[PDB]
Each structure stands twice: as C-alpha cells, then as structure tokens.
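J.: Take this structure first; my questions come after.
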Amino acid sequence: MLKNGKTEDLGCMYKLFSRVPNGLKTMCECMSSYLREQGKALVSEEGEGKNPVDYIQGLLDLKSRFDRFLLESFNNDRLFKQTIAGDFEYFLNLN
C-alpha cells in the first residue's frame with residue numbers, strides 16, 4: 001500500500017510502530033528506498049527518451065504522493081521529512 005496508496009493501512013501501521021524507537025527508522029529506510037528507486041527510474045532514462053509528463057512534473061507528482069503519505073499517515077515526522085528532502089535534492093540534480 002505504499003504503491004496502492006491506501007493511507008488508512010499506513011496510518012494504522014505507523015500508529016503501531018511509533019511506539020518503539022528504531023521501528024520508525026526501518027520505516028524511513030523502506031520509504032526512502034522506494035522513493036529513490038522510483039525517482040531514479042523517472043528522472044533518468046525511461047528506455048528511449050523521456051516523458052515530460054512523468055519526468056519534469058512526474059517527479060512532482062510522486063513528491064506530492066509521498067507528502068500525502070507523510071501527512072495523512074506519518075503526521076509529518078521530522079526524520080521522514082529530512083530523508084525525503086535529501087532524496088529530492090539528490091535526484092533532482094540527475095535530470
């Protein structure tokens with residue numbers, strides 16, 4: 001449901017795993033890995049050429065989806081936000 005966008009499941013999972021530190025750390029690792037994988041898939045080559053719908057603003061589409069994940073389920077945790085901001089700054093330069 002990080003790919004299906006079912007935010008209620010993400011919210012319940014975060015409610016479970018915020019109870020113990022280093023449980024949200026694995027959440028950060030998985031979230032940032034998924035973000036980096038998808039972002040480097042889009043901002044880089046997509047076979048032959050690039051699609052501006054999913055390259056110039058598709059980056060923003062995914063970034064908006066992931067802020068929706070951060071808001072509706074993660075409640076804007078500082079560490080998640082810092083990792084995603086780092087990911088954005090890193091694969092924004094690989095246009």
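Ligands are numbered from 1 in the order shown, chains are lettered A, B, ... in the order of the structure tokens, and residues start at 1 in each chain.
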Set the distance at 12 Å and use only C-alpha atoms: which residues neighbour residue A:85 once local chain neighbours fewer than 2 positions away are removed? I'd like the list as a list in words.

T.: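 Surrounding residues, per the criterion: residues 32, 35, 36, 63, 66, 67, 70, 78, 79, 80, 81, 82, 83, 87, 88, 89, 90, 91 and 92 of chain A.
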
J.: List the neighbours of stretch 9-20 of chain A out to 9 Å using only C-alpha atoms; skip same-chain residues closer than 2 positions along the sequence, and give me the result as an MDAnalysis selection string.

T.: chainID A and resid 1:2 5:7 22:24 27 69 72:75

J.: How about saving the chosen residues, C-alpha atoms kept, as a tab-separated table (two decimals), in the first residue's frame?

T.:
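To be explicit, this is the file written out as out-v5.tsv:
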```tsv
chain	number	residue	atom	x	y	z
A	1	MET	CA	0.00	0.00	0.00
A	2	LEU	CA	2.97	2.31	-0.39
A	5	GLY	CA	-1.96	4.48	-1.78
A	6	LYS	CA	-4.21	3.05	0.94
A	7	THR	CA	-3.44	5.63	3.62
A	22	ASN	CA	14.22	2.33	15.66
A	23	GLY	CA	10.89	0.94	14.42
A	24	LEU	CA	10.21	4.17	12.58
A	27	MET	CA	10.04	2.73	8.09
A	69	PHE	CA	1.86	9.63	2.72
A	72	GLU	CA	-2.22	11.56	6.25
A	73	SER	CA	-0.36	8.63	7.82
A	74	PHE	CA	3.06	9.77	9.10
A	75	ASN	CA	1.90	13.10	10.61
```

J.: Calculated over only C-alpha atoms, which of the candidates A:76, A:33, A:26, A:44 has the smallest distance to residue A:58?

T.: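 The answer is A:44, which sits nearest to residue A:58.
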
J.: Pick out each residue of chain A that DSSP on the backbone tags as alpha helix (DSSP H); I need them as a PyMOL selection string.

T.: chain A and resi 7-17+23-43+52-55+58-72+78-92

J.: To one decimal place, how far is atom CA of residue A:56 from atom CA of residue A:43 in Å?

T.: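 So the two atoms, atom CA of residue A:56 and atom CA of residue A:43, lie 7.5 Å apart.
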
J.: Closest to residue A:94 among A:8, A:61, A:29, A:45, using only C-alpha atoms?

T.: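 Nearest to residue A:94: A:45.
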
J.: Using only C-alpha atoms, can you tell me which of A:55, A:39, A:3, A:28 comes closest to residue A:77?

T.: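 Answer, going by the shortest atom-to-atom distance: A:28.
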